[PDB]
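J.: What follows is structure-v7.csv; its format and atoms are CSV, N, CA, C and O atoms and all ligand atoms.
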chain,number,residue,atom,x,y,z
A,6,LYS,N,3.7,-49.5,-71.8
A,6,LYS,CA,2.8,-48.4,-71.2
A,6,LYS,C,1.9,-49.0,-70.1
A,6,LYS,O,1.7,-50.2,-69.9
A,7,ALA,N,1.3,-48.1,-69.3
A,7,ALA,CA,0.6,-48.5,-68.2
A,7,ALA,C,-0.8,-49.0,-68.6
A,7,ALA,O,-1.3,-48.7,-69.8
A,8,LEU,N,-1.4,-49.7,-67.7
A,8,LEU,CA,-2.8,-50.3,-67.9
A,8,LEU,C,-3.7,-49.5,-67.0
A,8,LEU,O,-3.3,-49.1,-65.8
A,9,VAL,N,-4.9,-49.4,-67.4
A,9,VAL,CA,-6.0,-48.9,-66.5
A,9,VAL,C,-7.2,-49.9,-66.6
A,9,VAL,O,-7.4,-50.5,-67.7
A,10,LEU,N,-8.0,-49.9,-65.6
A,10,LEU,CA,-9.2,-50.7,-65.5
A,10,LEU,C,-10.4,-49.8,-65.7
A,10,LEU,O,-10.6,-48.8,-65.1
A,11,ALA,N,-11.3,-50.2,-66.6
A,11,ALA,CA,-12.6,-49.5,-66.8
A,11,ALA,C,-13.5,-49.8,-65.6
A,11,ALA,O,-13.9,-51.0,-65.4
A,12,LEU,N,-13.9,-48.8,-65.0
A,12,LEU,CA,-14.8,-48.9,-63.8
A,12,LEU,C,-16.2,-48.9,-64.2
A,12,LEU,O,-17.1,-49.3,-63.4
A,13,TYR,N,-16.6,-48.3,-65.4
A,13,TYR,CA,-17.9,-48.2,-65.9
A,13,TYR,C,-18.0,-48.5,-67.4
A,13,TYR,O,-16.9,-48.3,-68.1
A,14,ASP,N,-19.1,-48.9,-68.0
A,14,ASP,CA,-19.3,-48.8,-69.4
A,14,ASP,C,-19.3,-47.3,-69.8
A,14,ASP,O,-19.7,-46.4,-69.0
A,15,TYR,N,-18.7,-47.0,-71.0
A,15,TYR,CA,-18.8,-45.7,-71.5
A,15,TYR,C,-18.9,-45.8,-73.0
A,15,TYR,O,-18.0,-46.4,-73.7
A,16,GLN,N,-19.8,-45.2,-73.5
A,16,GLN,CA,-20.1,-45.1,-74.9
A,16,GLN,C,-19.6,-43.9,-75.6
A,16,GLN,O,-19.9,-42.8,-75.1
A,17,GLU,N,-18.7,-43.9,-76.6
A,17,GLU,CA,-18.1,-42.7,-77.2
A,17,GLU,C,-19.2,-41.8,-77.7
A,17,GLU,O,-20.1,-42.3,-78.3
A,18,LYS,N,-19.1,-40.5,-77.4
A,18,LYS,CA,-20.0,-39.5,-77.9
A,18,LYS,C,-19.5,-38.3,-78.6
A,18,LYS,O,-20.2,-37.3,-78.9
A,19,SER,N,-18.2,-38.5,-79.1
A,19,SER,CA,-17.6,-37.5,-79.9
A,19,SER,C,-16.5,-38.3,-80.8
A,19,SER,O,-16.1,-39.4,-80.4
A,20,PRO,N,-16.2,-37.7,-81.9
A,20,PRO,CA,-15.2,-38.4,-82.8
A,20,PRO,C,-13.8,-38.7,-82.1
A,20,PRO,O,-13.3,-39.7,-82.6
A,21,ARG,N,-13.5,-38.0,-81.1
A,21,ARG,CA,-12.2,-38.3,-80.4
A,21,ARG,C,-12.3,-39.3,-79.4
A,21,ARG,O,-11.3,-39.6,-78.7
A,22,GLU,N,-13.5,-39.7,-78.9
A,22,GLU,CA,-13.7,-40.6,-77.8
A,22,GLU,C,-13.7,-42.1,-78.3
A,22,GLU,O,-13.7,-42.3,-79.5
A,23,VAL,N,-13.6,-42.9,-77.3
A,23,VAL,CA,-13.7,-44.4,-77.6
A,23,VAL,C,-14.6,-45.0,-76.6
A,23,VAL,O,-14.8,-44.6,-75.5
A,24,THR,N,-15.2,-46.1,-77.0
A,24,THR,CA,-16.1,-46.9,-76.1
A,24,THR,C,-15.4,-48.0,-75.3
A,24,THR,O,-14.4,-48.6,-75.8
A,25,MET,N,-15.8,-48.1,-74.1
A,25,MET,CA,-15.2,-49.2,-73.2
A,25,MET,C,-16.3,-49.9,-72.5
A,25,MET,O,-17.4,-49.3,-72.3
A,26,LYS,N,-16.1,-51.1,-72.0
A,26,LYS,CA,-17.0,-51.8,-71.2
A,26,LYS,C,-16.4,-52.0,-69.8
A,26,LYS,O,-15.2,-52.2,-69.7
A,27,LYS,N,-17.2,-51.9,-68.7
A,27,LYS,CA,-16.7,-52.1,-67.3
A,27,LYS,C,-15.9,-53.4,-67.3
A,27,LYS,O,-16.3,-54.5,-67.9
A,28,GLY,N,-14.7,-53.4,-66.7
A,28,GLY,CA,-13.9,-54.6,-66.6
A,28,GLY,C,-12.8,-54.6,-67.6
A,28,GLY,O,-11.9,-55.4,-67.5
A,29,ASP,N,-12.9,-53.8,-68.7
A,29,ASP,CA,-11.9,-53.8,-69.7
A,29,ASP,C,-10.6,-53.3,-69.2
A,29,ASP,O,-10.5,-52.5,-68.3
A,30,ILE,N,-9.5,-53.9,-69.7
A,30,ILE,CA,-8.1,-53.5,-69.4
A,30,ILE,C,-7.7,-52.7,-70.6
A,30,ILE,O,-7.5,-53.2,-71.7
A,31,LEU,N,-7.4,-51.4,-70.3
A,31,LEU,CA,-7.0,-50.4,-71.5
A,31,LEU,C,-5.6,-50.0,-71.3
A,31,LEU,O,-5.1,-49.9,-70.2
A,32,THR,N,-4.9,-49.8,-72.4
A,32,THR,CA,-3.6,-49.3,-72.4
A,32,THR,C,-3.7,-47.7,-72.3
A,32,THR,O,-4.4,-47.1,-73.1
A,33,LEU,N,-3.0,-47.2,-71.3
A,33,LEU,CA,-3.0,-45.7,-71.2
A,33,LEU,C,-2.0,-45.0,-72.1
A,33,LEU,O,-0.8,-45.4,-72.1
A,34,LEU,N,-2.5,-44.1,-73.0
A,34,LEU,CA,-1.6,-43.4,-73.9
A,34,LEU,C,-1.3,-42.0,-73.4
A,34,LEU,O,-0.1,-41.6,-73.7
A,35,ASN,N,-2.2,-41.3,-72.8
A,35,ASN,CA,-1.9,-39.9,-72.4
A,35,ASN,C,-2.8,-39.5,-71.3
A,35,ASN,O,-4.0,-39.6,-71.4
A,36,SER,N,-2.2,-39.2,-70.1
A,36,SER,CA,-2.9,-38.8,-69.0
A,36,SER,C,-2.6,-37.4,-68.6
A,36,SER,O,-2.8,-37.0,-67.4
A,37,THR,N,-2.2,-36.5,-69.5
A,37,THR,CA,-1.9,-35.1,-69.2
A,37,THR,C,-3.1,-34.2,-68.8
A,37,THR,O,-2.9,-33.3,-68.1
A,38,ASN,N,-4.2,-34.6,-69.2
A,38,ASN,CA,-5.5,-33.8,-68.9
A,38,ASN,C,-6.1,-34.5,-67.6
A,38,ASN,O,-6.1,-35.7,-67.5
A,39,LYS,N,-6.6,-33.6,-66.8
A,39,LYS,CA,-7.2,-34.0,-65.6
A,39,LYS,C,-8.5,-34.8,-65.8
A,39,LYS,O,-8.8,-35.6,-65.1
A,40,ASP,N,-9.2,-34.5,-66.9
A,40,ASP,CA,-10.6,-35.0,-67.1
A,40,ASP,C,-10.7,-36.0,-68.1
A,40,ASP,O,-11.7,-36.9,-68.0
A,41,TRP,N,-9.9,-36.1,-69.1
A,41,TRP,CA,-10.0,-37.0,-70.2
A,41,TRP,C,-8.7,-37.7,-70.5
A,41,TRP,O,-7.6,-37.0,-70.7
A,42,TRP,N,-8.6,-39.0,-70.5
A,42,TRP,CA,-7.4,-39.7,-70.7
A,42,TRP,C,-7.4,-40.4,-72.1
A,42,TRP,O,-8.5,-41.0,-72.4
A,43,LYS,N,-6.3,-40.4,-72.8
A,43,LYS,CA,-6.3,-41.2,-74.1
A,43,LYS,C,-5.9,-42.6,-73.8
A,43,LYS,O,-4.9,-42.8,-73.1
A,44,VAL,N,-6.7,-43.5,-74.4
A,44,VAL,CA,-6.5,-45.0,-74.1
A,44,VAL,C,-6.7,-45.7,-75.3
A,44,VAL,O,-7.1,-45.2,-76.4
A,45,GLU,N,-6.2,-47.0,-75.3
A,45,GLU,CA,-6.3,-47.9,-76.4
A,45,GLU,C,-7.1,-49.1,-75.9
A,45,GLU,O,-6.8,-49.7,-74.9
A,46,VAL,N,-8.2,-49.4,-76.7
A,46,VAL,CA,-9.2,-50.4,-76.3
A,46,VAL,C,-9.5,-51.2,-77.6
A,46,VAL,O,-9.8,-50.7,-78.6
A,47,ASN,N,-9.3,-52.5,-77.6
A,47,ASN,CA,-9.3,-53.2,-78.8
A,47,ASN,C,-8.1,-52.7,-79.6
A,47,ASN,O,-7.0,-52.6,-79.1
A,48,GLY,N,-8.5,-52.3,-80.8
A,48,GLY,CA,-7.7,-51.7,-81.8
A,48,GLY,C,-8.1,-50.3,-82.2
A,48,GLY,O,-7.8,-49.8,-83.3
A,49,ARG,N,-8.7,-49.6,-81.2
A,49,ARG,CA,-9.1,-48.2,-81.4
A,49,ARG,C,-8.4,-47.4,-80.3
A,49,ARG,O,-8.2,-47.8,-79.1
A,50,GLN,N,-8.1,-46.1,-80.6
A,50,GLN,CA,-7.5,-45.2,-79.6
A,50,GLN,C,-8.5,-44.1,-79.4
A,50,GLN,O,-9.1,-43.6,-80.4
A,51,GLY,N,-8.6,-43.5,-78.2
A,51,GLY,CA,-9.4,-42.3,-78.1
A,51,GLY,C,-9.5,-41.9,-76.7
A,51,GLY,O,-8.9,-42.6,-75.8
A,52,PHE,N,-10.3,-40.9,-76.4
A,52,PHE,CA,-10.4,-40.4,-75.0
A,52,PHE,C,-11.6,-41.0,-74.3
A,52,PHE,O,-12.7,-41.2,-74.9
A,53,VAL,N,-11.4,-41.2,-73.0
A,53,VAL,CA,-12.5,-41.6,-72.0
A,53,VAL,C,-12.4,-40.7,-70.8
A,53,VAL,O,-11.3,-40.2,-70.5
A,54,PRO,N,-13.4,-40.6,-70.0
A,54,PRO,CA,-13.3,-39.8,-68.8
A,54,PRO,C,-12.3,-40.4,-67.8
A,54,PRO,O,-12.4,-41.6,-67.4
A,55,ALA,N,-11.3,-39.6,-67.4
A,55,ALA,CA,-10.4,-40.2,-66.4
A,55,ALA,C,-11.0,-40.7,-65.1
A,55,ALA,O,-10.5,-41.7,-64.6
A,56,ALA,N,-12.1,-40.1,-64.7
A,56,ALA,CA,-12.8,-40.7,-63.5
A,56,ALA,C,-13.3,-42.0,-63.7
A,56,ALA,O,-13.6,-42.7,-62.6
A,57,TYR,N,-13.5,-42.5,-64.9
A,57,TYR,CA,-14.1,-43.8,-65.1
A,57,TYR,C,-13.1,-44.9,-65.3
A,57,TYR,O,-13.6,-46.0,-65.6
A,58,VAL,N,-11.8,-44.6,-65.1
A,58,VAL,CA,-10.8,-45.7,-65.0
A,58,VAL,C,-10.0,-45.6,-63.8
A,58,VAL,O,-9.9,-44.5,-63.3
A,59,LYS,N,-9.3,-46.7,-63.5
A,59,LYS,CA,-8.4,-46.8,-62.3
A,59,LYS,C,-7.1,-47.2,-62.9
A,59,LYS,O,-6.9,-48.3,-63.5
A,60,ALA,N,-6.0,-46.4,-62.6
A,60,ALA,CA,-4.7,-46.8,-63.1
A,60,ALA,C,-4.3,-48.0,-62.2
A,60,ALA,O,-4.5,-48.1,-61.0
A,61,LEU,N,-3.7,-49.0,-62.9
A,61,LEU,CA,-3.2,-50.3,-62.3
A,61,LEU,C,-1.7,-50.3,-61.8
A,61,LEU,O,-1.3,-50.9,-60.8
A,62,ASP,N,-0.9,-49.5,-62.5
A,62,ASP,CA,0.7,-49.5,-62.5
A,62,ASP,C,1.2,-48.3,-63.3
A,62,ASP,O,2.4,-47.9,-63.2
B,101,LIG,N,-15.0,-47.0,-80.0
Could you write out this file's structure as structure tokens?
Ligand SMILES: [N+]

T.:
Amino acid sequence: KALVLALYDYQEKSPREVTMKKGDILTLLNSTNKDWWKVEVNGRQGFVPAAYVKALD
């Protein structure tokens, strides 16, 4: 699966979200929504704002 780059820190604020740090390389799981993408960070999966990551490939 594709990788995305965290452009900002984001702290999860709902049970379906996940936290990321700027510079993190996240695995993209689902980009079907315009605003929230499902990613894998560490060993957690959840949603982060699509604007706060950049797809690499
Ligand atoms: N998290």

J.: Within 6 Å of ligand LIG 101 (chain B), which residues of chain A show up? Give each one with its shortest atom-to-atom distance in Å (one decimal) and the two atoms involved, counting all atoms listed in the file, rows by chain then rising residue number, as CSV.

T.:
residue,atom,partner,partner_atom,distance
A:17,N,B:LIG101,N,5.9
A:22,O,B:LIG101,N,4.9
A:23,CA,B:LIG101,N,3.8
A:24,N,B:LIG101,N,3.1

J.: In Å, with one decimal, what is the gap from atom CA of residue A:52 to atom CA of residue A:9?

T.: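 If I compute the distance from atom CA of residue A:52 to atom CA of residue A:9, I get 12.8 Å.
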
J.: Using all atoms listed in the file, determine which residues lie at most 5 Å from residue A:55, disregarding the query and same-chain residues fewer than 3 positions distant; provide the list as a list in words.

T.: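 Non-adjacent residues within range: residues 40, 41, 42 and 58 of chain A.
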
J.: Distance atom N of residue A:59-atom N of residue A:19, one decimal place?

T.: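 Computing it gives 19.7 Å between the two atoms.
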
J.: For atom CA of residue A:20 and atom C of residue A:60, determine how far apart the two atoms are, in Å to one decimal place.

T.: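 Atom CA of residue A:20 sits 25.2 Å away from atom C of residue A:60.
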
J.: Kindly indicate which residue among A:26, A:21, A:43, A:49 lies nearest to residue A:7, using all atoms listed in the file for the distances.

T.: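 Checking each of A:26, A:21, A:43, A:49 against residue A:7, counting all atoms listed in the file, the winner is A:43.
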
J.: I'd like the contact shell of residue A:30 - 8 Å cut-off, only C-alpha atoms, skipping same-chain residues fewer than 6 positions apart - returned as a ChimeraX atom specification.

T.: /A:8-11,46

J.: Keeping N, CA, C and O atoms for every residue in the selection just given, could you write it to a file as a short mmCIF file (atom, residue, chain, number, x, y, z; two decimals), in the frame of the given file?

T.:
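Final file, again-v1.cif:
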data_model
loop_
_atom_site.label_atom_id
_atom_site.label_comp_id
_atom_site.auth_asym_id
_atom_site.auth_seq_id
_atom_site.Cartn_x
_atom_site.Cartn_y
_atom_site.Cartn_z
N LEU A 8 -1.40 -49.70 -67.70
CA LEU A 8 -2.80 -50.30 -67.90
C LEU A 8 -3.70 -49.50 -67.00
O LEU A 8 -3.30 -49.10 -65.80
N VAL A 9 -4.90 -49.40 -67.40
CA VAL A 9 -6.00 -48.90 -66.50
C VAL A 9 -7.20 -49.90 -66.60
O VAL A 9 -7.40 -50.50 -67.70
N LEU A 10 -8.00 -49.90 -65.60
CA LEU A 10 -9.20 -50.70 -65.50
C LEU A 10 -10.40 -49.80 -65.70
O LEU A 10 -10.60 -48.80 -65.10
N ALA A 11 -11.30 -50.20 -66.60
CA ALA A 11 -12.60 -49.50 -66.80
C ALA A 11 -13.50 -49.80 -65.60
O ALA A 11 -13.90 -51.00 -65.40
N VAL A 46 -8.20 -49.40 -76.70
CA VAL A 46 -9.20 -50.40 -76.30
C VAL A 46 -9.50 -51.20 -77.60
O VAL A 46 -9.80 -50.70 -78.60
#

J.: With distances taken over only C-alpha atoms, which of A:18, A:44, A:12, A:57 is nearest to residue A:31?

T.: A:44

J.: Could you list, as an MDAnalysis selection string, every residue within 7 Å of residue A:6, counting all atoms listed in the file and ignoring same-chain residues fewer than 3 positions away?

T.: chainID A and resid 31:33 62

J.: Can those selected residues be exported to a file as a CSV table (one decimal), keeping the file's coordinate frame so that it contains N, CA, C and O atoms?

T.:
chain,number,residue,atom,x,y,z
A,31,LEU,N,-7.4,-51.4,-70.3
A,31,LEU,CA,-7.0,-50.4,-71.5
A,31,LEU,C,-5.6,-50.0,-71.3
A,31,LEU,O,-5.1,-49.9,-70.2
A,32,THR,N,-4.9,-49.8,-72.4
A,32,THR,CA,-3.6,-49.3,-72.4
A,32,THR,C,-3.7,-47.7,-72.3
A,32,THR,O,-4.4,-47.1,-73.1
A,33,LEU,N,-3.0,-47.2,-71.3
A,33,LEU,CA,-3.0,-45.7,-71.2
A,33,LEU,C,-2.0,-45.0,-72.1
A,33,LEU,O,-0.8,-45.4,-72.1
A,62,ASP,N,-0.9,-49.5,-62.5
A,62,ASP,CA,0.7,-49.5,-62.5
A,62,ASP,C,1.2,-48.3,-63.3
A,62,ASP,O,2.4,-47.9,-63.2

J.: Quick one: DSSP strand (DSSP E) residues in chain A, as a CSV table (one decimal) with N, CA, C and O atoms, in the frame of the given file?

T.:
chain,number,residue,atom,x,y,z
A,8,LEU,N,-1.4,-49.7,-67.7
A,8,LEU,CA,-2.8,-50.3,-67.9
A,8,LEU,C,-3.7,-49.5,-67.0
A,8,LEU,O,-3.3,-49.1,-65.8
A,9,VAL,N,-4.9,-49.4,-67.4
A,9,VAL,CA,-6.0,-48.9,-66.5
A,9,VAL,C,-7.2,-49.9,-66.6
A,9,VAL,O,-7.4,-50.5,-67.7
A,10,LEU,N,-8.0,-49.9,-65.6
A,10,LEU,CA,-9.2,-50.7,-65.5
A,10,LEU,C,-10.4,-49.8,-65.7
A,10,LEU,O,-10.6,-48.8,-65.1
A,11,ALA,N,-11.3,-50.2,-66.6
A,11,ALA,CA,-12.6,-49.5,-66.8
A,11,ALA,C,-13.5,-49.8,-65.6
A,11,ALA,O,-13.9,-51.0,-65.4
A,30,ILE,N,-9.5,-53.9,-69.7
A,30,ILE,CA,-8.1,-53.5,-69.4
A,30,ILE,C,-7.7,-52.7,-70.6
A,30,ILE,O,-7.5,-53.2,-71.7
A,31,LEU,N,-7.4,-51.4,-70.3
A,31,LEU,CA,-7.0,-50.4,-71.5
A,31,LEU,C,-5.6,-50.0,-71.3
A,31,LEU,O,-5.1,-49.9,-70.2
A,32,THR,N,-4.9,-49.8,-72.4
A,32,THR,CA,-3.6,-49.3,-72.4
A,32,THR,C,-3.7,-47.7,-72.3
A,32,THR,O,-4.4,-47.1,-73.1
A,33,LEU,N,-3.0,-47.2,-71.3
A,33,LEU,CA,-3.0,-45.7,-71.2
A,33,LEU,C,-2.0,-45.0,-72.1
A,33,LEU,O,-0.8,-45.4,-72.1
A,34,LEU,N,-2.5,-44.1,-73.0
A,34,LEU,CA,-1.6,-43.4,-73.9
A,34,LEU,C,-1.3,-42.0,-73.4
A,34,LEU,O,-0.1,-41.6,-73.7
A,35,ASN,N,-2.2,-41.3,-72.8
A,35,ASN,CA,-1.9,-39.9,-72.4
A,35,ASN,C,-2.8,-39.5,-71.3
A,35,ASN,O,-4.0,-39.6,-71.4
A,41,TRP,N,-9.9,-36.1,-69.1
A,41,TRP,CA,-10.0,-37.0,-70.2
A,41,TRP,C,-8.7,-37.7,-70.5
A,41,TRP,O,-7.6,-37.0,-70.7
A,42,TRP,N,-8.6,-39.0,-70.5
A,42,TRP,CA,-7.4,-39.7,-70.7
A,42,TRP,C,-7.4,-40.4,-72.1
A,42,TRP,O,-8.5,-41.0,-72.4
A,43,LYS,N,-6.3,-40.4,-72.8
A,43,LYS,CA,-6.3,-41.2,-74.1
A,43,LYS,C,-5.9,-42.6,-73.8
A,43,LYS,O,-4.9,-42.8,-73.1
A,44,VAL,N,-6.7,-43.5,-74.4
A,44,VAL,CA,-6.5,-45.0,-74.1
A,44,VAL,C,-6.7,-45.7,-75.3
A,44,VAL,O,-7.1,-45.2,-76.4
A,45,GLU,N,-6.2,-47.0,-75.3
A,45,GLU,CA,-6.3,-47.9,-76.4
A,45,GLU,C,-7.1,-49.1,-75.9
A,45,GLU,O,-6.8,-49.7,-74.9
A,46,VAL,N,-8.2,-49.4,-76.7
A,46,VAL,CA,-9.2,-50.4,-76.3
A,46,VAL,C,-9.5,-51.2,-77.6
A,46,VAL,O,-9.8,-50.7,-78.6
A,49,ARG,N,-8.7,-49.6,-81.2
A,49,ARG,CA,-9.1,-48.2,-81.4
A,49,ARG,C,-8.4,-47.4,-80.3
A,49,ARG,O,-8.2,-47.8,-79.1
A,50,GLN,N,-8.1,-46.1,-80.6
A,50,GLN,CA,-7.5,-45.2,-79.6
A,50,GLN,C,-8.5,-44.1,-79.4
A,50,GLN,O,-9.1,-43.6,-80.4
A,51,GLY,N,-8.6,-43.5,-78.2
A,51,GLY,CA,-9.4,-42.3,-78.1
A,51,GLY,C,-9.5,-41.9,-76.7
A,51,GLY,O,-8.9,-42.6,-75.8
A,52,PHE,N,-10.3,-40.9,-76.4
A,52,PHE,CA,-10.4,-40.4,-75.0
A,52,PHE,C,-11.6,-41.0,-74.3
A,52,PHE,O,-12.7,-41.2,-74.9
A,53,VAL,N,-11.4,-41.2,-73.0
A,53,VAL,CA,-12.5,-41.6,-72.0
A,53,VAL,C,-12.4,-40.7,-70.8
A,53,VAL,O,-11.3,-40.2,-70.5
A,54,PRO,N,-13.4,-40.6,-70.0
A,54,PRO,CA,-13.3,-39.8,-68.8
A,54,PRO,C,-12.3,-40.4,-67.8
A,54,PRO,O,-12.4,-41.6,-67.4
A,58,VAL,N,-11.8,-44.6,-65.1
A,58,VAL,CA,-10.8,-45.7,-65.0
A,58,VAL,C,-10.0,-45.6,-63.8
A,58,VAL,O,-9.9,-44.5,-63.3
A,59,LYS,N,-9.3,-46.7,-63.5
A,59,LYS,CA,-8.4,-46.8,-62.3
A,59,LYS,C,-7.1,-47.2,-62.9
A,59,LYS,O,-6.9,-48.3,-63.5
A,60,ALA,N,-6.0,-46.4,-62.6
A,60,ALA,CA,-4.7,-46.8,-63.1
A,60,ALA,C,-4.3,-48.0,-62.2
A,60,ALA,O,-4.5,-48.1,-61.0

J.: Pull out chain A, keep C-alpha atoms, and write it as a PDB file, in the first residue's frame.

T.:
ATOM      1  CA  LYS A   6       0.000   0.000   0.000  1.00  0.00           C
ATOM      2  CA  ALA A   7       0.889   3.616  -0.496  1.00  0.00           C
ATOM      3  CA  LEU A   8       2.780   5.803   1.939  1.00  0.00           C
ATOM      4  CA  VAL A   9       1.902   9.317   2.991  1.00  0.00           C
ATOM      5  CA  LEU A  10       4.008  11.952   4.793  1.00  0.00           C
ATOM      6  CA  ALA A  11       2.574  13.729   7.905  1.00  0.00           C
ATOM      7  CA  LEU A  12       2.813  17.456   7.229  1.00  0.00           C
ATOM      8  CA  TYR A  13       1.724  18.423  10.773  1.00  0.00           C
ATOM      9  CA  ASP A  14       1.399  16.960  14.248  1.00  0.00           C
ATOM     10  CA  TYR A  15      -2.157  15.779  14.871  1.00  0.00           C
ATOM     11  CA  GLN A  16      -3.494  14.565  18.067  1.00  0.00           C
ATOM     12  CA  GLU A  17      -6.448  12.086  17.842  1.00  0.00           C
ATOM     13  CA  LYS A  18      -9.748  13.637  19.164  1.00  0.00           C
ATOM     14  CA  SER A  19     -12.225  10.902  18.568  1.00  0.00           C
ATOM     15  CA  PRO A  20     -12.173   7.104  18.993  1.00  0.00           C
ATOM     16  CA  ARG A  21     -11.700   6.500  15.254  1.00  0.00           C
ATOM     17  CA  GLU A  22      -8.800   8.906  14.869  1.00  0.00           C
ATOM     18  CA  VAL A  23      -5.051   8.311  15.334  1.00  0.00           C
ATOM     19  CA  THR A  24      -2.212  10.539  16.439  1.00  0.00           C
ATOM     20  CA  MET A  25       0.741  11.390  14.178  1.00  0.00           C
ATOM     21  CA  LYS A  26       3.845  13.520  14.419  1.00  0.00           C
ATOM     22  CA  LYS A  27       5.112  15.832  11.549  1.00  0.00           C
ATOM     23  CA  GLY A  28       7.607  13.831   9.476  1.00  0.00           C
ATOM     24  CA  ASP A  29       5.979  10.469  10.158  1.00  0.00           C
ATOM     25  CA  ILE A  30       5.662   8.063   7.226  1.00  0.00           C
ATOM     26  CA  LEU A  31       2.143   6.476   7.414  1.00  0.00           C
ATOM     27  CA  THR A  32       0.674   3.616   5.464  1.00  0.00           C
ATOM     28  CA  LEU A  33      -2.482   4.693   3.598  1.00  0.00           C
ATOM     29  CA  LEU A  34      -5.451   2.337   4.154  1.00  0.00           C
ATOM     30  CA  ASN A  35      -8.395   4.206   2.735  1.00  0.00           C
ATOM     31  CA  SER A  36      -8.596   7.478   0.858  1.00  0.00           C
ATOM     32  CA  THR A  37     -12.218   7.293  -0.292  1.00  0.00           C
ATOM     33  CA  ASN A  38     -13.281  10.325   1.802  1.00  0.00           C
ATOM     34  CA  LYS A  39     -12.230  13.754   0.773  1.00  0.00           C
ATOM     35  CA  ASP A  40     -11.567  15.017   4.307  1.00  0.00           C
ATOM     36  CA  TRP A  41     -10.435  12.055   6.427  1.00  0.00           C
ATOM     37  CA  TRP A  42      -8.013   9.333   5.358  1.00  0.00           C
ATOM     38  CA  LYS A  43      -7.514   6.034   7.214  1.00  0.00           C
ATOM     39  CA  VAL A  44      -3.807   5.430   7.972  1.00  0.00           C
ATOM     40  CA  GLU A  45      -1.570   3.181   9.942  1.00  0.00           C
ATOM     41  CA  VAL A  46       0.966   4.772  12.331  1.00  0.00           C
ATOM     42  CA  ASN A  47       3.046   2.660  14.572  1.00  0.00           C
ATOM     43  CA  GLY A  48       0.728  -0.246  15.287  1.00  0.00           C
ATOM     44  CA  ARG A  49      -2.527   1.751  15.357  1.00  0.00           C
ATOM     45  CA  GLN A  50      -4.991   2.408  12.508  1.00  0.00           C
ATOM     46  CA  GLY A  51      -7.385   5.280  12.348  1.00  0.00           C
ATOM     47  CA  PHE A  52      -8.372   8.473  10.594  1.00  0.00           C
ATOM     48  CA  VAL A  53      -6.422  11.748  10.177  1.00  0.00           C
ATOM     49  CA  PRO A  54      -7.307  14.811   8.197  1.00  0.00           C
ATOM     50  CA  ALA A  55      -6.380  14.282   4.493  1.00  0.00           C
ATOM     51  CA  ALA A  56      -5.096  17.851   4.234  1.00  0.00           C
ATOM     52  CA  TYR A  57      -2.475  17.111   6.861  1.00  0.00           C
ATOM     53  CA  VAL A  58      -0.686  14.432   4.810  1.00  0.00           C
ATOM     54  CA  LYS A  59       0.969  14.293   1.408  1.00  0.00           C
ATOM     55  CA  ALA A  60       0.751  11.131  -0.671  1.00  0.00           C
ATOM     56  CA  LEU A  61       4.239   9.884  -1.732  1.00  0.00           C
ATOM     57  CA  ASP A  62       3.323   7.171  -4.406  1.00  0.00           C
TER      58      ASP A  62
END
